[PDB]
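In case you want the letters, here they are:
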Amino acid sequence: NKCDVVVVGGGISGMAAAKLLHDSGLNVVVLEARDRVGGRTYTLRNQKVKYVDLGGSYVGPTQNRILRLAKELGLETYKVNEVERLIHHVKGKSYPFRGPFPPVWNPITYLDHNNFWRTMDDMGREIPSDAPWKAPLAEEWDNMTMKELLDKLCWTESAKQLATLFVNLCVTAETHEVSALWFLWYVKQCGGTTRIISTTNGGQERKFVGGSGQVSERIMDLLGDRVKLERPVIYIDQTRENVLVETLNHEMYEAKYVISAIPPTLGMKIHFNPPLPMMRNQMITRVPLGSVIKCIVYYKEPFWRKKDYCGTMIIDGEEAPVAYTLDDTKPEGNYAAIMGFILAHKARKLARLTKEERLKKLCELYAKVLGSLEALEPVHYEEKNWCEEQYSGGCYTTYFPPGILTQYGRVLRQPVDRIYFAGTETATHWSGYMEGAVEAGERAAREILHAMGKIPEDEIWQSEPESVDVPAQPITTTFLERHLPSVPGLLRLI
Amino acid sequence: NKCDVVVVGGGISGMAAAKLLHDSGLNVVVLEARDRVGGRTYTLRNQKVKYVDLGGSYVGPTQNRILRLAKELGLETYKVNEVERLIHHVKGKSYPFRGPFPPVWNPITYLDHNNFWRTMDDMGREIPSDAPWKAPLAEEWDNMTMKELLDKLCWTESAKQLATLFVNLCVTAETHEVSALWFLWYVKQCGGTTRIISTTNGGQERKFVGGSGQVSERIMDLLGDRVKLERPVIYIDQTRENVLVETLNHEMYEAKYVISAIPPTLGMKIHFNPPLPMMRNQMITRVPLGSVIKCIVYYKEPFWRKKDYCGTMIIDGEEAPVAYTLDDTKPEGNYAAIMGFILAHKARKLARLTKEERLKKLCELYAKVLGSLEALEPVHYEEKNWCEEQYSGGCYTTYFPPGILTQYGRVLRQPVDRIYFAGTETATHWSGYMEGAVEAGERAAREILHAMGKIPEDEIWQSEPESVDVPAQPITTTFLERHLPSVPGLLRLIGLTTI
Ligand SMILES: *Cc1cc2c(cc1C)nc1c(=O)[nH]c(=O)nc-1n2C[C@H](O)[C@H](O)[C@H](O)COP(=O)(O)OP(=O)(O)OC[C@H]1O[C@@H](n2cnc3c(N)ncnc32)[C@H](O)[C@@H]1O
Ligand SMILES: *Cc1cc2c(cc1C)nc1c(=O)[nH]c(=O)nc-1n2C[C@H](O)[C@H](O)[C@H](O)COP(=O)(O)OP(=O)(O)OC[C@H]1O[C@@H](n2cnc3c(N)ncnc32)[C@H](O)[C@@H]1O
Ligand SMILES: NCc1ccc([N+](=O)[O-])cc1
Ligand SMILES: NCc1ccc([N+](=O)[O-])cc1
């Protein structure tokens, strides 16, 4: 029944908010729709895999909040294998390489690739992390898809194919589905292209020993009986002195304040009294999540390492079910595995198959790309299609179709009376990630502390000390990278 | 508690489904979220206006199902005033005209305008009404916005400006928001550009005497206590023998079958057990409704008619709050009024103002467009912002952003076990309209009758006899319209003789 704050949603963001409020001495209740916490993180345990992250998994330098929270909970990280060579597979052939970016030899193609990445970052510098709709060319960029941008920018099919894969991998959506403004903001707020795509020194550097699901589980342990599982919220009534929150099983909860820590569009599952203001009412019908199947194929050994391949594959083309893989082998060197993402329209297309059929397709792809018959002899398989999840809507995160961010973006984290908005979608740094989940949860919790007169306005947004365990190397460019001309620039010079 | 079919939603589609089922001898219940039926139709009555439609209103030739349903309920139509001249207001000046299309004098601009409309219809012919995703270039067209299509097609700012206004008016959304495939389908399934934009001989030809909301009200009267108001559905459980439907006030309903007659995205407000299949799960988060404020300004007399203006204004330009108006005077000639739409981004922008501030802006616009100081002397004002409606989501209808119709379109009316899908969005002829609501409601009811073994598969989709009261003139083109070149075609012809 009665408490200080009801938190709707027990993913990382809701759990982080609840923990903060609880630690401050308030009485909190977390209402969670599922029979588990973790949300878009989910760690499966069985004897075959020991543990595997079927949802959110990777953390890296500059993600200091998730690192701090996890460390406090007694968790440790290990490094994703990137010792040996990466592979770029293009037009049916594998090209091994080192460093974050797949190399390019054709000079014209080199100029075009260089200019594409550079231009993404140039554009991003004009986009405020906390208010992308304030970009000088906000409307122009918002009224275009990433597909139109790429069509204008890329003078080679090669650069355009890699740019397209980059978009599909980053936001699990097609270039024609997403706003140019939103995508450029998305990249910028993760620290730029190099940081977002990198394993070593970027977002995919590390995983948690034992799985990321332990973050939400261990907070649930701390909160004890304050977490209510299988309590989908159906109704929020703000017409009276105390906020009334009702669940599907008819339980009633009364609080001074509410934190909505669910994906924005999942706000649609709640009936509001009084109705939401017009802008939020429409916003929450305009913001879908992307489409992905996360697939993990297990092998007797990490055989790719013997051929001086780390297990990272960047795989061009329509025929490939999976466009990106990483080595998912345990730090001990056992439970050898390849993690792959089936992205965007392929998730939709390949979902029609059976589990066994998808396994076979992945193994045949990997055998080709790795040039290894050993890829054809899997010992186990796990996968999760996030498109089927009623209480997620997709993965990894919410994307903004053209026109939406400029028109509706400002209401995303705008409080509605006594409802404050957490969830990774509301973060300003690594929004879309576990890191942004923590930022948003703790910020929403502190907005409530301030509303209660407990802290100054000054302390709502709080900086994070850099992790000593995962230090960040700065992102550098070369003189030639900075100053080499684009394709049209070379033509203007001619 | 127990019945044959629960219908979720008491708008025209749900009411049409419920009526058909009831007439066939089944026990039906309608569960309606609001304290009223009608949904996206709403007829306000007070002494100042007598009655006024604040939501859906116009019907016209080829909309035979809504016409038949309304006639059977004892309703009559009247013709929207189009006796005098229409006005096209462009770059601060008004140009009166007759006929559906605003005329163009510059022969280059003339070629461009002609080619634009022609091309919309050309492309539409390639799109099946019942399966737009089967169009030969479906993916190509779906992966483009209407803005990109317009940028490629229109060689003049003049054609591009009018085309933009046409999209905004038709689907209450910006050109950059909507799929080109979806918009081309949407126009084609209303019978094409001429039919959709026309008053005389098109969609805006007529209104119902007394308001469109009488359609839903009169069906409610027929069904009696079977319509439950203020019963928003929160939960549908299909795990057992009978389907279980729960409302917000905790009432339980058990049925053999369910019809969902709500806007597709509003399916999100229901928790499903078992969960929806993956495609529908994601589809319902991908399909927003448009943005509109419908505004009616009342005057002492229909003074525009004295100046040989019928009251239709097509008003281009960012500064104009309202891009389209029609005369909304009663057929008796009293309660003189102008209806105008505030569309898409302007609905969002101008919603920040007060009602009094919006009235002032509209009057000042109308005075300018009509060249009439009388427009500054309104006697009354009514308006409705459909963006604020929890149980509509917007108006007039659902639009599809780029990429969505080809990926998700096929599940829109695909049954989910014992749930069948009605609502205007699922129609194949005049989807988006009251007409499409009737088609979809009755088709969904018959899908259930067929499932029950009561009718053959053959009878699920049923043709409609043409109205005798509202006959449809065919859509014609001229020889020149058909064969005049586009701008680039003229240029190709020039480059050819220069060799
Ligand atoms: C799915 C996924 C995500 C992911 C990714 C790969 C996949 C396949 N890889 C990631 C990675 O490597 N590194 C990273 O940092 N992030 C990665 N992502 C995304 C990441 O998992 C998410 O950003 C993060 O988990 C989001 O957290 P948040 O707390 O903001 O949101 P959530 O996990 O969805 O939690 C919401 C909870 O709310 C419950 N819910 C939903 N509706 C209700 C109602 N009505 N009532 C009560 N509770 C509700 C959900 O069940 C959920 O638990
Ligand atoms: C808003 C609008 C619409 C409109 C238009 C102008 C405006 C401003 N002009 C039109 C016109 O001139 N001619 C025409 O034919 N159509 C026009 N439109 C669109 C038209 O009104 C709609 O196409 C039509 O009314 C749609 O009917 P349909 O039956 O398909 O859908 P609905 O009216 O939205 O009814 C849905 C009902 O469901 C209830 N609801 C919603 N959620 C729930 C839940 N969870 N549980 C129970 N009931 C629910 C809604 O309250 C509604 O009554
Ligand atoms: N959520 C996992 C993930 C996200 C982004 C990239 N990337 O390369 O941009 C790789 C992997
Ligand atoms: N829903 C009203 C309406 C719809 C479409 C048009 N049009 O011109 O295409 C006019 C008015």
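Residues numbered from 1 in each chain as written, not as in the entry; some residues may be left out. Chains lettered and ligands numbered in written order. Heavy atoms only, no water. Residues with missing side-chain atoms left out of burial classes, pairs and counts.

What the deposited record gives as its method is X-ray crystallography, and the resolution it gives is 2.06 Å.

Going by what the PDB entry lists, chain B is known as AMINE OXIDASE (FLAVIN-CONTAINING) B and is assigned to Homo sapiens. In its Subunit section, the UniProt record describing chain B reads: "Monomer, homo- or heterodimer (containing two subunits of similar size). Each subunit contains a covalently bound flavin. Enzymatically active as monomer (By similarity)." Of chain B, the UniProt comment under Sequence similarities reads exactly: "Belongs to the flavin monoamine oxidase family." (UniProt positions renumbered as here; feature names shortened; annotations may be inferred.)

With the PDB entry as reference, chain A is termed AMINE OXIDASE (FLAVIN-CONTAINING) B, source organism Homo sapiens. Quoted straight from UniProt, the Cofactor entry for chain A says "FAD". Per UniProt, chain A carries the Subunit text "Monomer, homo- or heterodimer (containing two subunits of similar size). Each subunit contains a covalently bound flavin. Enzymatically active as monomer (By similarity)."

A. Spotlight on helix α3 (residues 107–124) of chain A. All names here are of chain A. Given a rise of 1.5 Å per residue, 18 residues ought to cover 26 Å, and the 26 Å separating the end C-alpha atoms of α3 matches this to within 8%. Counting buried positions along α3 yields 13 of 18 residues, so the element is predominantly enclosed. The N-cap of α3, judged by a side-chain oxygen 3.1 Å from the amide nitrogen of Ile108 a few residues on, is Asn106. (Helix = DSSP H or I, 4+ residues; strand = E, 2+ residues; numbered from the N terminus. Expected span 1.5 Å × (residues − 1). Buried < 20%, exposed > 50% of the residue type's maximum accessible area, 1.4 Å probe, protein only. Polar contact = N/O pair within 3.5 Å; in protein donor to acceptor, adjacent residues only side chain to side chain.)

B. Main features of the sheet that holds strand β17 (residues 324–327) of chain B. Residues and elements named next belong to chain B. Strand order in the open sheet formed by seven strands is β8-β7-β16-β17-β18-β15-β19, and the pairing between neighbours is mixed. Looking along the sheet, the strands with just one partner apiece sit at the ends: β8 (93–97) and β19 (380–385). Neighbouring strand axes in the sheet, compared pairwise and without regard to direction, differ in orientation by 20 degrees on average. Strand direction decides the pairing type here: strand β7 (residues 85–90) and β8, joined by five bridges, are antiparallel. The residue of β8 that forms the bridge with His88 is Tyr95. Along the sheet, helix α12 (residues 355–370) contacts β7, β8, β15 (292–298), β16 (309–315), β17, β18 (337–343) and β19; its crossing angle with β19, the most-contacted strand, is approximately 110 degrees. (Pairing = 2+ DSSP bridges. Axes fitted to C-alpha atoms, helices over the stretch in contact; angles between N-to-C directions. Contact = heavy atoms within 4.5 Å.)

C. Spatial organisation of helix α7 (residues 180–188) of chain A. Extensive coverage of α7(A) is indicated by the burial of eight of its nine residues. The N-cap residue of α7(A) is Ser179(A): its side-chain oxygen and the backbone nitrogen of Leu181(A) are 3.1 Å apart.

D. Broad picture of the site of ligand 3. Residue and element names in this part refer to chain A. Around ligand 3, the surrounding shell consists of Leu169, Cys170, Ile196, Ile197, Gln204, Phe341, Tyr396 and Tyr433. One of the backbone N or O atoms of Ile196 is found 3.5 Å from an oxygen atom in ligand 3. Protein contact buries 91% of the 300 Å² of open area that ligand 3 shows by itself. For the shell around ligand 3, the secondary structure elements donating two or more residues are α6 (157–171) and α8 (193–197). Among the residues making up the shell around ligand 3, the classes are represented as seven nonpolar, one polar and no charged. When residues of the shell around ligand 3 are sorted by domain, at least three fall in each of domain 2 (40–60 + 77–105 + 198–208 + 288–400) and domain 3 (106–197). (Near = heavy atom within 4 Å. Areas by Shrake-Rupley, 256 points an atom, 1.4 Å probe, with all protein chains shown as cover. Nonpolar A, V, L, I, M, F, W, Y, C, P; charged D, E, K, R; others polar. Domains from an automatic or database assignment.)

E. Quick peek at the packing of aromatic side chains. The final tally for this structure, using the stated rule, is 28 aromatic pairs over all chains. An angle of 90 degrees between the planes, with centres 5.1 Å apart, marks the rings of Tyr299(B) and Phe303(B) as edge-to-face. Judged by its relative accessible area of 4%, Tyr299(B) falls in the buried class. Above the plane of the ring of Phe421(A) lies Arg280(A), whose end atom (NZ or CZ) is 3.6 Å from the centre. (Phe/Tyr/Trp six-rings, centres within 6.5 Å; stacked < 30°, edge-to-face > 60°. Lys NZ or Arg CZ within 6 Å of the ring centre and 35° of its normal.)

F. Structural context of the site of ligand 2. Residues and elements named next belong to chain B. Near ligand 2, the surroundings consist of 35 residues, among which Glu32, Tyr58, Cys395, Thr424 and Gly432 are the closest. Take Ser13: an N or O atom from its main chain is 2.8 Å from an oxygen atom of ligand 2. Within the side chain of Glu32, a nitrogen or oxygen atom sits 2.5 Å from an oxygen atom of ligand 2. The class makeup of the residues in the shell around ligand 2 is 18 nonpolar, 13 polar and four charged. Split by domain, the residues of the shell around ligand 2 number at least three in each of domain 1 (1–39 + 61–76 + 209–287 + 401–461) and domain 2 (40–60 + 77–105 + 198–208 + 288–400).

G. The arrangement of the sheet that holds strand β6 (residues 77–79) of chain A in detail. All names here are of chain A. Read across the sheet, three strands follow the order β5-β9-β6 without closing on themselves; strand pairing throughout is antiparallel. Both edges of this open sheet fall to β5 (58–59) and β6, since each of them pairs with a single strand only. When β5 meets strand β9 (residues 206–208), the two strands line up antiparallel, connected through two bridges. Paired with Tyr58 across the strands is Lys207, a residue of β9.

H. Molecular detail of the side chain of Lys346(B). Residues and elements named next belong to chain B. Topologically, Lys346 is positioned in helix α11 (residues 345–350). Despite its burial, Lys346 remains without a salt bridge, the nearest opposite charge being carried by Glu318 at 4.8 Å. Excluding anything up to four places from it in sequence, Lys346 contacts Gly317, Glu318, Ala320, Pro321 and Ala351. (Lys, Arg positive; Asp, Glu negative; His and termini not counted. Salt bridge = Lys/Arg side-chain N within 4 Å of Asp/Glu carboxyl O.)

I. Inspection of the domain arrangement of chain B at higher detail. All names here are of chain B. Looking at chain B, the domain boundaries give domain 1 (1–39 + 61–76 + 209–287 + 401–461), domain 2 (40–60 + 77–105 + 198–208 + 288–400) and domain 3 (106–197). Placing the centre of domain 1 and that of domain 3 at their C-alpha centroids yields a distance of 30 Å. Taken together, the 18 residues of domain 1 in the interface contact 21 residues of domain 3. Summed over both sides, the interface of domain 1 with domain 3 buries roughly 1,600 Å², with 59% coming from carbon and sulfur. For the domain 1 face of the interface with domain 3, the top three residues by lost area are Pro402, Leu405 and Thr406, together amounting to 35%. Where domain 1 meets domain 3, there are zero salt bridges. Counting across the interface, domain 1 meets domain 3 through six residue pairs in polar contact. Here the residues of the side of domain 1 that touches domain 3 sort into eight nonpolar, eight polar and two charged. (Buried area = accessible area lost by both parts, 1.4 Å probe.)

J. Quick look at the interface of chain B and chain A. Every contact between the two is made by 50 residues of chain B and, on the other side, 50 residues of chain A. Roughly 4,100 Å² is buried in total at the junction of chain B and chain A, and carbon and sulfur atoms are behind 52% of that figure. The interface formed by chain B and chain A includes zero salt bridges. At the junction of chain B with chain A, the criterion picks out 32 residue pairs in polar contact. Counting residues per element, the ones that place at least two in the side of chain B that touches chain A are α5 (146–153), β11 (233–237), β14 (271–273), α10 (278–283), α11 and α13 (404–408) of chain B. Here the residues of the side of chain B that touches chain A are counted per class, giving 23 nonpolar, 18 polar and nine charged.

K. Fine view of the domain arrangement of chain A. Residue and element names in this part refer to chain A. Each domain of chain A was delimited in the assignment, giving domain 1 (1–39 + 61–76 + 209–287 + 401–461), domain 2 (40–60 + 77–105 + 198–208 + 288–400) and domain 3 (106–197). A C-alpha centroid distance of 23 Å is found between domain 2 and domain 3. At the junction of the two partners, domain 2 supplies 32 residues and domain 3 supplies 26 residues. Interface of domain 2 and domain 3: buried area, both sides summed, is about 2,300 Å²; carbon and sulfur atoms make up 60% of it. The partner of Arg348 in a salt bridge is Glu177, with the nearest N and O atoms 3.0 Å apart. One can count eleven residue pairs in polar contact joining domain 2 with domain 3. Within the residue set of the side of domain 2 that touches domain 3, elements represented by two or more residues are β7 (85–90), β16 (309–315), β18 (337–343) and α11 (345–350).

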